[PDB]
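J.:
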Amino acid sequence: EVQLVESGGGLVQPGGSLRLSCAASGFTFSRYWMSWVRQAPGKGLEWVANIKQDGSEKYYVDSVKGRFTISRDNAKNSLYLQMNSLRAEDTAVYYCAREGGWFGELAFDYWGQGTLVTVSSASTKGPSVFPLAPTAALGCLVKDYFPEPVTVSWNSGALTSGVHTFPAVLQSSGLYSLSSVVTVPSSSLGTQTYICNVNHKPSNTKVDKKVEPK
Amino acid sequence: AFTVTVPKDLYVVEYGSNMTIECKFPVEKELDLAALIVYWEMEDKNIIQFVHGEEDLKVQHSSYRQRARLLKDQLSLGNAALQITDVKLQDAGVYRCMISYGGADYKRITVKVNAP
Amino acid sequence: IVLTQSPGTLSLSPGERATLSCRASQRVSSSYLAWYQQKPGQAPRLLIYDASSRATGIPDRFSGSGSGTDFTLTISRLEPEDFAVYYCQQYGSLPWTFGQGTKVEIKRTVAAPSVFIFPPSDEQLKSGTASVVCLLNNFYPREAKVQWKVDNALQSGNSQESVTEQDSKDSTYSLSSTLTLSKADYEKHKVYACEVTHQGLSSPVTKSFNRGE
């Protein structure tokens, strides 16, 4: 039961600093090489940093060499990435990975679930929620929030089938926008209640919009 | 640009014989020992820790006392050669070569041992 | 060391065999080539290490082969759970590097999108912007075209689109397109139209509305 859990991510503005942490369980942490791997939204995987069992050697990709510092505490069962001088291209989900075997010859054995790091000038901001009014289709326009993520459900989870919550797009403004739709029988318009539940944890706002025909 | 290389990434040797595995690293003209670090490791044991022109035997695993030698004259040629004498079946496995000379890098080598 | 995965996308039915390629710009020391599986929203899972060995619990329809600079991952007799993005990675030589990924998508029968158009809410217009939305629902294949027309004039640079991941049940895709305008620009025009072409349509589908009607 090898487990890996990242913490410490969020929003930070360019040139700023942030410290990621990774907690391990189910294996002897002092016996293994450990890596950081990141993934930018929609892109592929990129290795970042490496550390030896005893912290005695550290390696980095070119892009972060001189800016990121990897370190570890075997007693605390924990891995760290101190990120400094952060640019916008550092925006990504950051994963911790165990390198299996003695020297990593079993590749990346196990991964954490990742934590999102967002690097941008924009301030945290709660979404505006607009009704997309009406087989019929209806939904919610969740607009101008920052940063990711946002949570969308319908009728408090009691409505699931035919629901499409689209991935958010980064708008020209630098704020995020998305829509959630659902297809329903035309006959259900008027008799059935449809409430869009929007939950944006960063800005700590919750919204319930009832969508009706006009 | 600084890169540790391995002529062979796999060695197959007979039980009881001698073996010399090699890590190569770039050296231009004369080699300055003060700037140079060499580690050879096998599993969680340390075979060779070469710092300041000297192998450090207090860090060396005792399995390897008397049978393990970094070949010093080979170093000028950018070749970290590890000679292990009287090779036993326990010597089979993955080895690690770390070399620091300005920049720093490492590689792994697999050793396989046939029994008779 | 650059790894070039191939091809970009595979469209296959369950039970078919999938072949994935990984080429390297250098020899990969000791054949330390891993493969990984990633599903949307999840971290990668290790599949194969040392090019040909299965990671623990990985089922045996996952098989690796190759050596040197050319590596293959084969999934014979695909199960629905096997459709994901696959990555190869070299750990033989620093810096560790990943290829750009291959997506294996479920190939189903062609399906036409249902098309809906949504006018801006009155609540939104007080913000000064108007968002016009166009939903394309449950189609296959993924390739779908959306043109925007305001009073039969084509639009450029004021649209954004978004696509869902392939559906769990349907194996279909859906798409939203958002046309954004000034409130001032919006109230200057009458007809807002959304025009759609797709393999599953034999004639173009256009949904429209008139402002105020």
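Residue numbers (PDB author numbering), protein chains in the order written: chain B, 1 to 134, 143 to 222; chain A, 18 to 133; chain C, 2 to 214. Using N, Cα and C, we set each Cβ at its ideal position, and we do this for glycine too.
Between 36/A, 40/A, 80/A, 88/A, which lies nearest to residue 26/A when the distance is taken from Cα to Cα?
T.: It is 40/A whose Cα lies nearest to the Cα of residue 26/A.
J.: Any C-beta of chain A sitting closer than 8 Å to the C-beta of residue 137/C?
T.: Chain A contact via Cβ: absent.
J.: Please list the residues of the region 63-97 of chain C that have a C-beta atom closer than 7 Å to any C-beta atom in chain A, keeping them in chain order.
T.: So the close ones are 95.
J.: Counting only the same chain and skipping the five closest in sequence on each side, list residues whose C-beta sits under 8 Å from that of residue 24/A.
T.: These residues qualify, in order along the chain: 39, 41.
J.: Would you give the residue range spanned by the alpha helix (DSSP H) that residue 124/C belongs to?
T.: Residues 123-126.
J.: What is the rounded straight-line gap between the Cα of residue 197/B and the Cα of residue 90/B?
T.: Cα to Cα, the separation comes out at about 46 Å.
J.: Apply the 10 Å Cβ neighbour rule to residue 131/A and answer buried if 16 or more other Cβ atoms are within range, or exposed otherwise.
T.: Exposed, by the Cβ-count rule.
J.: Give a yes or no on whether the C-beta atoms belonging to residue 34/B and residue 99/B are separated by under 8 Å.
T.: Yes. Within cutoff.
J.: Between the region 97-109 of chain C and the region 123-135 of chain C, can you find at least three pairs of beta-carbon atoms closer than 8 Å?
T.: Counting Cβ pairs under 8 Å, fewer than three are found: no touch.
J.: List the DSSP bridge partners of residue 125/B.
T.: Answer is 154/B, bridged to residue 125/B.
J.: Rounded to whole angstroms, what's the CA-CA distance from residue 57/A to residue 50/A? Just pull it up for me.
T.: Their backbone Cα atoms lie some 17 Å apart in a straight line.
J.: Have a look at residue 21/A and residue 149/B and give me their C-alpha separation to the nearest angstrom.
T.: Their backbone Cα atoms lie some 55 Å apart in a straight line.
J.: Check each residue of the region 16-39 of chain C: if its Cβ is closer than 7 Å to any Cβ of chain A, include it; give the result in chain order.
T.: Within the region 16-39 of chain C, the residues whose Cβ lies closer than 7 Å to some Cβ of chain A are 30, 31, listed in chain order.
J.: In chain order, what residues of the region 50-64 of chain A put their CB closer than 7 Å to some CB of chain B?
T.: The region 50-64 of chain A vs chain B, Cβ under 7 Å: 60, 61.
J.: Let me know if residue 146/B comes out buried or exposed under the rule of 16 or more other beta-carbons within 10 Å of its beta-carbon.
T.: Counting Cβ neighbours within 10 Å, residue 146/B comes out buried, since at least 16 surround it.
J.: Assign residue 61/C to one of three DSSP states: helix, strand, or coil.
T.: In this structure, residue 61/C counts as coil in the three-state DSSP scheme.
J.: Do residue 132/B and residue 219/B have their CB atoms nearer than 8 Å?
T.: Contact: yes.
J.: Taking 8 Å as the threshold (C-beta atoms), are residue 77/B and residue 23/B in contact?
T.: Yes, the pair counts as a contact, with Cβ atoms nearer than the cut-off.
J.: Do residue 126/B and residue 95/B have their C-beta atoms within less than 8 Å of each other?
T.: No, the pair does not count as a contact, with Cβ atoms beyond the cut-off.
J.: Between the region 9-22 of chain B and the region 38-49 of chain B, can you find at least three pairs of beta-carbon atoms closer than 8 Å?
T.: These segments do not touch.
J.: Considering only DSSP beta bridges, list what residue 49/C is partnered with.
T.: Answer is 36/C, 55/C, bridged to residue 49/C.
J.: Hey, quick one: how far does the beta strand (DSSP E) through residue 133/B stretch, first residue to last?
T.: No beta strand (DSSP E) contains residue 133/B, which DSSP labels as neither H nor E.
J.: In whole angstroms, what is the alpha-carbon distance linking residue 20/C and residue 114/C?
T.: Computed Cα separation, rounded: 30 Å.
J.: From this set, 46/B, 181/B, 155/B, 177/B, which residue's C-alpha is nearest residue 117/B's C-alpha?
T.: It is 155/B.
J.: Please classify residue 60/C: is it buried, with 16 or more other beta-carbons within 10 angstroms of its beta-carbon, or exposed?
T.: Classification for residue 60/C: exposed.
J.: Return the chain-ordered list of same chain residues with a C-beta closer than 6 Å to the C-beta of residue 69/C, the five sequence neighbours on each side being excluded.
T.: Here the set comprises 28.
J.: For residue 134/B, count neighbouring Cβ atoms within 10 angstroms of its own Cβ and tell me buried if that reaches 16, exposed if not.
T.: Buried, by the Cβ-count rule.
J.: In the DSSP assignment, the beta strand (DSSP E) including residue 73/B goes from what residue to what residue?
T.: Residues 68-73.
J.: So residue 105/B contacts chain A; which residues on that side make the cut at Cβ distance below 8 Å?
T.: Going along chain A in sequence order, the residues near residue 105/B (Cβ under 8 Å) are 111, 125.
J.: Count the other C-beta atoms from every protein chain shown that fall within 10 angstroms of the C-beta of residue 88/B, then say buried if there are 16 or more, exposed otherwise.
T.: Burial call: exposed.
J.: Identify the continuous alpha helix (DSSP H) that holds residue 186/C and give its terminal residues.
T.: Note, residue 186/C: alpha helix (DSSP H), 184-187.
J.: For chain A, check one thing: does any of its Cβ atoms lie closer than 8 Å to the Cβ of residue 135/B?
T.: Coordinates for residue 135/B are absent, as chain B skips straight from 134 to 143.
J.: Please report the Cβ distance between residue 88/A and residue 100/A, rounded to the nearest whole angstrom; I am assuming they are in contact, meaning their Cβ atoms lie under 8 Å.
T.: Their Cβ separation, rounded to whole angstroms, is 6 Å, which keeps residue 88/A and residue 100/A in contact under 8 Å.
J.: Buried or exposed, going by whether 16 or more other CB atoms sit within 10 Å of the CB of residue 45/C?
T.: That one is buried.
J.: So, are the CB atoms of residue 172/C and residue 78/C less than 8 Å apart?
T.: Not a contact, by the Cβ cut-off of 8 Å.
J.: From the beta carbon of residue 23/A, is the nearest beta carbon of chain C less than 8 Å away?
T.: Chain C, which has a Cβ nearer than 8 Å to the Cβ of residue 23/A, makes this yes.
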